[PDB]
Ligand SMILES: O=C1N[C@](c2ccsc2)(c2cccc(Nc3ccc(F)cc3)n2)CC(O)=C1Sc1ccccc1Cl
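Before any questions on binding or motion, here is one chain by itself as structure tokens, the form deposited without the named molecule.
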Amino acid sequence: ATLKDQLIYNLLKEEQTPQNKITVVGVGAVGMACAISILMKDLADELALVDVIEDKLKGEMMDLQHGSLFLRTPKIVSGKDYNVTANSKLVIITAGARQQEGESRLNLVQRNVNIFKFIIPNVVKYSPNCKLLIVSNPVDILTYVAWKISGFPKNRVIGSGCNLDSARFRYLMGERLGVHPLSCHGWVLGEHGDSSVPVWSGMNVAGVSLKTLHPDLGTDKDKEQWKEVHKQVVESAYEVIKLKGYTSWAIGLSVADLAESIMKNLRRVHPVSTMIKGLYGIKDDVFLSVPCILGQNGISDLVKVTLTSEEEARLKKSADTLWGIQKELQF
């Protein structure tokens, strides 16, 4: 008899079905940051990695596996075939084309659509009940694309949206005030990136309205120039990209935070990208970041934030731009 059979008496042939499985698609810096963050928060009993570059994929998988002693996620697998993703509760999509210099936004989105036309039906085939969390940029449009291709109901297709931007906002707020960002409250909503909307009316510490204490907050008459905070939020990513080449750690952490609300059914509120038609005067199928209640069924509820006519106007303009692109897309 083998050493194993001398040492160990087997009771069960186990038809291994994963109970809390997560898949990350794309093993670039973003995908791997998501993976390590997920592994270190014990959110999954099985982690699957998928990418088209087989050697890099295998290398990342093995590197993680070699750290198993220090983790509590007993199964880490990878493959270019989507059968490795079967029965995932949550599938995180980070794959996508990188925008070349002089490439139009439309062209970039169409390249990503061509990628998603392959990824999404494969994901859906093997995990028809999963939640989709889209991290790939441009996230609002790509969440829309994932939604269109998957045929999933809207509660189950979520874009990372302005979750990280809101985290950055709160970090900068905390630095200005000398308070941990957990205790600084403020929301960045709408379209991820330059057009996002900082909701000044909601910024507070301990329930104290900053806008109330300082009525010129976020305006051009503001002597403390709080507008810059938002400008910094918008530009931070660029700066990080200018400095180290890309951004990864912060995105990975924010994505793991989302994953945690979903996998643990927390019903926390996160600013994520969701199908917003019928709100704020928006009449098209577009996805924008609003505060959403996240749980085991994805987005169950939305918070209705009261906005100024100017803030609503920004949202509508974003919706118009997004739709102007989306209607050109070939599925």
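The term rigid core refers to the maximal set of C-alpha atoms that superpose within 1.5 Å between the two forms. Quick note: we count residues from 1 along the sequence shown, nothing fancier.
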{"property": "Entry-level comparison of average CA B-factors, 241 to 249 and 165 to 173, reporting the higher stretch", "result": "241 to 249"}
{"property": "Higher-scoring stretch by recorded Cα B factor average, 27 to 35 or 275 to 283", "result": "275 to 283"}
{"property": "Given 117, 75, 223, 192, the residue at which the Cα B factor reaches its maximum", "result": "223"}
{"property": "Highest-ranked of 125, 214, 131, 185 once sorted by CA temperature factor in the record", "result": "214"}
{"property": "Chain third (lowest, middle, highest) by recorded CA B-factor, residue given as residue 85", "result": "lowest"}
{"property": "Position of residue 219 among the chain's modelled residues by C-alpha B-factor, lowest, middle or highest third", "result": "highest"}
{"property": "Residue 228 CA temperature factor, ranked by third within the chain", "result": "highest"}
{"property": "CA B-factor ranking of residue 110, expressed as a third of its chain", "result": "middle"}
{"property": "Within-chain third of residue 318 by Cα B-factor, per the entry", "result": "middle"}
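The form solved in complex with the named molecule exists for this protein as well; it is not shown, and the discussion that follows is about that form.
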{"property": "Non-hydrogen atom contact residue 108 with the named molecule in the deposited complex at 4.5 angstroms", "result": "yes"}
{"property": "Proximity of residue 89 to the named molecule in the deposited complex, heavy atoms at 4.5 Å", "result": "no"}
{"property": "Residue 131: touches the named molecule in the deposited complex, heavy atom cutoff 4.5 angstroms", "result": "no"}
{"property": "is_contact(residue 137, the named molecule) in the deposited complex, heavy atom dist at most 4.5 Å", "result": "yes"}
{"property": "Interface residue in the deposited complex among 157, 189, 145, 164, criterion: non-hydrogen atom within 4.5 angstroms of the named molecule", "result": "164"}
{"property": "Residue among 127, 247, 261, 150 with a heavy atom within 4.5 Å of the named molecule in the deposited complex", "result": "247"}
{"property": "Residues of 17 to 53 having any heavy atom within 4.5 Å of the named molecule in the deposited complex, listed in sequence order", "result": "none"}
{"property": "Flag for residue 102, CA shift 2 Å or larger between the shown form and the other one after aligning core", "result": "yes"}
